[PDB]
Every structure is written in structure tokens, then in C-alpha cells.
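[1] so I pulled this structure from the PDB, and the sequence comes with it:
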Amino acid sequence: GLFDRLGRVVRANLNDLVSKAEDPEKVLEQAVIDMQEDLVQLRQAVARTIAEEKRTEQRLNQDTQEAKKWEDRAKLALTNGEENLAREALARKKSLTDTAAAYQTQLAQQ
Amino acid sequence: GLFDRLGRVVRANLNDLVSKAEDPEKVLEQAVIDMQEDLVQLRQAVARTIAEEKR
Amino acid sequence: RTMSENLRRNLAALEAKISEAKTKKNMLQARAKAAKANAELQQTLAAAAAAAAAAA
């Protein structure tokens, strides 16, 4: 468009007008200062994601061993013939094995 | 961005304006004072972690 | 006494789904912390690339 073409002209003049305000001696050391503190910010954010990979691996180890407890209790109920209580324990187990599978998927991605 | 470029210009002038306020004779000994007491703080924190390995 | 059987089953069906809800809550609160940490990281990398100090 015509007003795109005028825009790109007037925008380019302004960008050149800034470029010759840059003193090579002052800006060249400021650029290294900026690039150093960028790494300080980045390292904080990375570490904050490492803390959570460490933390989902704990949760996975609970819910795998908690589901064993409810499997053992279901067998105990059936040897006592209390089949209505065995169903209840199996319902507790299923919800744990489904959420443990989410932690495996999350953790490999992290 | 344009305002990044203006920012880096105006920020660099101010940093140079400070740099020529630094007298080499005074600042060069203060730098060693600061670096010495930094070690006093560090040694306290390290020892406080050694106490817990022991424990 | 035909009503109290109905209520007594409905009372047990409730606590069964509280237990399920409470296990899922833990997994969701974990995912919401991970996603928020990654959002701050990806925002940091963008601002660094926008300053482009290495091009100057």
C-alpha cells in the first residue's frame, strides 16, 4: 500500500537518526553489561524449573506405593468374603494409577 | 525495539558519567576492604553448614 | 426404613468421590506450578532476544 511505503520511509529515517547517536566507546561496554545480567535472570528461572522436576519424582514414588496398600487390602477383604468392601478399595486404587501415569508423562517431558 | 536502543544509549552515558568520578587512589584500596569483609561473611555461612553435616 | 437404606448408600458414594477429588488436586497443583515457571522462563528468553545486545 502507498501508506505502507510512506511508513517504511519515515520509520527508516528515524531509525538511522538514532543509529548515529550511538557512541561506539560507551555503548560497546553497556552491551556487555546488559548481556551479563540477562544471564543472572535466566539462571534464576531455570533453577526454578529444576526444583519441580525434583518434586514430581517424589510424588510419583508415593502414589505407586500407596496403590499397593489398597491392592493388598482388597485381597484381604475377599479372603474375608467382604466383596462390597473390596470394590471400594479397588476404586481408590484406580484413581491413583491414573494420576501416576500423568506424573510419568510430565516428568519425561520436563 | 526503538525504545530499547534509546534506553541503551541513555543508560550508557550515565554509566560513563559515574566511571570518571572514580578516583584510582581512593577506590583501589576500598575495593580490597570490600573484598576482605566478603570473606568474613562467607566463612560464617560455610561453618554454619559444616555444623549440620556433623549433626 | 426403605429411605434410610437409600440415604446410607448416598452417604458412602459421596466420600468415595471426595477421596478421588483430593488425589487429583495434588496432581493439578503440581502441573500449575510447572506451567507457571516455564511461562516466566519463555518470557525471559524473549526479552533477551529483543534487546539483541550482541547485534549492537
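    Nice, thanks for sending it over. Residues are numbered from 1 along each chain as shown, chains lettered A, B, ... in the order given.
[2] neighbours of the residue of chain C at minimum distance from chain B, how many?
    Nearest residue of chain C to chain B: residue C:51, at 5.6 Å (Cβ to the nearest Cβ). Bear in mind the C-beta positions are built from the backbone N, C-alpha and C, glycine included. Residues lying near residue C:51 (other Cβ atoms under 10 Å in any protein chain shown) number 18.
[3] which stretches of the chain form helices?
    Here I'm looking at chain A. A:2-19, A:24-79, A:83-109 (DSSP state H).
[4] sorry, should have said chain C
    Under DSSP H, chain C gives helices at C:3-51.
[5] give me the phi and psi for residue A:21.
    phi -90, psi -10 (degrees, to the nearest 10).
[6] the closest residue to it other than its chain neighbours: what's it in contact with?
    The shortest distance from residue A:21 to any non-neighbouring residue, by Cβ to Cβ, 6 or more residues apart in numbering or on different chains, is to residue B:9 (5.8 Å). Listed by Cβ atoms under 8 Å, 6 or more residues apart in numbering or on different chains, the contact set of residue B:9 reads A:18, A:21-22, A:27.
[7] any chance of these in CSV, with distance to residue C:29 too?
    Below are the contacts of residue B:9 laid out as CSV (distance: Cβ to Cβ, whole Å):
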residue, distance to residue C:29
A:18, 47
A:21, 50
A:22, 49
A:27, 46
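[8] which members of these are the farthest-apart pair?
    A:18 and A:27 (11.3 Å; Cβ to Cβ).
[9] tell me how far residue A:40 lies from residue A:48.
    The gap separating residue A:40 from residue A:48 is 13 Å, by Cβ to Cβ, to the nearest Å.
[10] residue A:17 and chain B: what is the separation?
    Distance from residue A:17 to chain B, counting by Cβ to the nearest Cβ, to the nearest Å: 10 Å.
[11] repeat that for residue A:48.
    22 Å.
[12] neighbours around residue C:11, how many?
    When neighbours are counted by other Cβ under 10 Å, residue C:11 comes out with 9.
[13] quick check: the residue nearest to residue A:21 vs residue A:94, distance?
    63 Å.
[14] quick check: residues of chain C near chain A?
    C:12, C:16, C:19-20, C:23-24, C:26-27, C:30-31, C:33-34, C:37-38, C:40-41, C:44-45, C:48, C:51, C:53-54, C:56 (Cβ under 8 Å from any Cβ of the partner chain).
[15] rerun at 7 Å
    C:16, C:19-20, C:23-24, C:26-27, C:30-31, C:33-34, C:37-38, C:40-41, C:44, C:48, C:51, C:53-54, C:56 (Cβ under 7 Å from any Cβ of the partner chain).
[16] and the buried ones among those residues, selectable in PyMOL?
    A single PyMOL command selects the buried members of the residues of chain C next to chain A (16 or more other Cβ atoms under 10 Å in any protein chain shown):
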select buried, chain C and resi 20+23+27+30+33+34+37+41+44+48+51+53+56
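[17] show the backbone phi and psi for residue C:52.
    Torsion angles, degrees, to the nearest 10, at residue C:52: phi 50, psi 50.
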